[PDB]
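Please find the sequence and an experimentally derived structure below.
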Amino acid sequence: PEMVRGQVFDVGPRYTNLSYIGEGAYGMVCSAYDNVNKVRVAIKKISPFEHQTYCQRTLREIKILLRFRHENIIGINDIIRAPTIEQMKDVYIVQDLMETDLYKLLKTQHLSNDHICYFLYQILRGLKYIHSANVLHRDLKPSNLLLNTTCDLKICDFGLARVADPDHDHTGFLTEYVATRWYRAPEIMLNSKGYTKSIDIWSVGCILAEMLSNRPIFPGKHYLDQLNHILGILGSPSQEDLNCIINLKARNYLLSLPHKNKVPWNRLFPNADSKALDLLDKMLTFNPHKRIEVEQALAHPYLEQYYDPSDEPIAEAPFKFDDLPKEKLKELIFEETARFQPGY
Ligand SMILES: Fc1ccc(-c2n[nH]cc2-c2ccnc(NC3CCCCC3)c2)cc1
């Protein structure tokens, strides 16, 4: 068994000549040579069986990625694990090797209007498929968008993904959230559990603003600082948008704030394409009921060069699935990864 940075990485005999890439969500990532397909691949090592929540995120992600099949969503090529549940301690996930992610790219590269337009198109095309399967990603951000050498973009990390549940979205003021703060919709800090499609559209709008200036638009440092960042640009919500917030604590918090006027998008982004700013405005709409949907965003004049609904596929059926013990979860992980074992 090959060793990498002091730890075991046994993916052989199919995968050889390992190179350390870094650390993933819950393990080590290496590039390797796939001796069957004769290409270099990405291999993530995961060890989640001692913790129930790590078991839940692993199972969730494996189930979703194995059912999804889309050019703008990372696929699983192979899964390596022991032949028995008793011998299984680690799981190796094999994926296409990508050149970079949008986070790394935005830290050192200025993006042309053509690249921003193409990247946005691919994000929304991938998001249309996810949403068609009644799934919410819930953690869209530049580090969850992978890019190959020809700028093909793939959405990754479905660890926090859920089946859409708009009837059970309501919650109290200051309800704790798990997703990355800078890309959280304003309703999450007010009265939403993030169970509706509109929360992903907000994250995509944040990503678009970031592609325009190479800086997060709302880099809140904490829960309510995040809201102050949003309202400092969008301005105070209207009476109509407040009336949609029934929870007294959330509504009265917004009422207690001094009036803030809107900062025009063309002043924040003077070099941006005017059509890109019109779409940005519609994605970064405070009211989630008025926020643009994924299919309307795809049909926006900014993406006219790419828009083709016949070439923007949807899922063949909606997706359907944590209060389950880790022993049952290890067993479910073992069963989900069975198709990749030799005798299949
Ligand atoms: F910096 C990292 C480290 C790990 C990942 C990662 N976590 N889980 C899967 C991958 C992954 C998948 C496909 N290709 C890559 N390769 C490159 C992406 C970042 C730049 C060099 C490696 C990583 C991404 C960025």
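Right, received. Where do you want to start? Numbers count the residues shown, from 1 in each chain.

how about the helix or strand where residue 40 lies: buried residues?
Secondary structure from DSSP states H and E places residue 40 in strand 39-46. Burial within strand 39-46, assessed by neighbour count using 16 or more other Cβ atoms under 10 Å, is assigned to 41, 42, 43, 44, 45, 46. C-betas here are computed from N, CA, C, even on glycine.

Out of these, which comes closest to residue 298?
residue 42 (28.3 Å; Cβ to Cβ).

can you list the residues of the protein near the ligand?
21-22, 24, 29, 42, 44, 95, 97-98, 100-101, 104, 146 (Cβ under 6 Å from any ligand atom).

Who wins on neighbours among those residues?
residue 146 (22 neighbours; other Cβ atoms under 10 Å).

Identify the residue spatially nearest to that one, adjacent ones excluded.
residue 98 (3.9 Å; Cβ to Cβ, 6 or more residues apart in numbering).

follow-up on the earlier one: now, among the buried residues of strand 39-46, which is nearest to the ligand?
residue 42 (3.4 Å; Cβ to the nearest ligand atom).

Run through the bridge partners of that closest one.
residue 31, residue 95 (DSSP bridges).

Can you give the domain ranges for this structure?
1-97+323-344, 98-322 (curated CATH domains).

ok so, going back, tell me if I am right that the residue nearest to residue 146 is in a helix.
No. Going by DSSP: H, G, I helix; E, B strand; the rest coil, the assignment for residue 98 is coil, not a helix.

That one touches residue 153, doesn't it?
No. Using Cβ atoms under 8 Å, residue 98 is not in contact with residue 153; the gap is 9.0 Å.

Spell out which residues are contacts of both of these two.
Shared contacts of residue 98 and residue 153 (Cβ atoms under 8 Å, 6 or more residues apart in numbering): 146, 147.

which stretches of this protein form strands?
Using DSSP state E, the strands of the chain run over 3-4, 7-8, 15-23, 28-34, 39-46, 78-80, 91-96, 100-101, 135-136, 145-147, 153-155, 162-163.

of all these, which lies closest to residue 230?
strand 135-136 (19.7 Å).

Who are the contact partners of the residue nearest to residue 121 when sequence neighbours are not counted?
Spatial nearest neighbour of residue 121, chain neighbours left out: residue 306 (4.2 Å); criterion: Cβ to Cβ, 6+ apart. Contact analysis of residue 306 by Cβ under 8 Å, 6+ apart lists 117, 118, 121.

looking at it, residue 154 is touching residue 97, isn't it?
No. In this structure residue 154 lies outside contact range of residue 97 using Cβ under 8 Å: 11.3 Å.

follow-up on the earlier one: include distance to residue 250 when you put the strands of the chain into CSV, please.
Below are the strands of the chain laid out as CSV (distance: least, Cβ to Cβ, whole Å):
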stretch, distance to residue 250
strand 3-4, 48
strand 7-8, 46
strand 15-23, 37
strand 28-34, 40
strand 39-46, 38
strand 78-80, 43
strand 91-96, 40
strand 100-101, 34
strand 135-136, 21
strand 145-147, 31
strand 153-155, 31
strand 162-163, 22
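
how close does the residue in the stretch 51-200 of the chain that the ligand sits nearest to get to residue 136?
Per Cβ to the nearest ligand atom, residue 98 is where the stretch 51-200 of the chain lies closest to the ligand, at 3.7 Å. Shown here: residue 98 relative to residue 136, a distance of 23 Å by Cβ to Cβ, to the nearest Å.

Residue 24 too?
22 Å.

next one: residue 233
24 Å.

And those two? Which one has more around it.
residue 136 (24 against 16).

thought that one was touching residue 201?
No. Taking contacts as Cβ under 8 Å, residue 136 lies outside contact range of residue 201: 10.3 Å.

Show me the longest helix that occurs in the chain.
helix 113-132 (DSSP state H).

which helices and strands does that one pack with?
Packing partners of helix 113-132 (3 or more Cβ pairs under 8 Å, 6 or more residues apart in numbering; DSSP states H and E): strand 153-155, helix 198-213, helix 274-283, helix 294-298.

Tell me which of the strands of the chain sits nearest to residue 298.
strand 153-155 (14.4 Å).

For residue 152, give me its contacts.
By Cβ under 8 Å, 6+ apart, the neighbours of residue 152 are 71, 122.

phi, psi of it?
phi -80, psi 130 (degrees, to the nearest 10).

Compute the distance between it and residue 68, please.
Plainly put, residue 152 is 16 Å away from residue 68 if you go by Cβ to Cβ.

For residue 320, grab the count of nearby residues.
For residue 320, using other Cβ under 10 Å, the count is 9.

my guess is it meets residue 163, correct?
Yes. Contact criterion Cβ under 8 Å: residue 320 and residue 163 qualify, at 6.4 Å.

joint contacts of those two?
Joint contacts of residue 320 and residue 163 (Cβ under 8 Å, 6+ apart) are residue 134.
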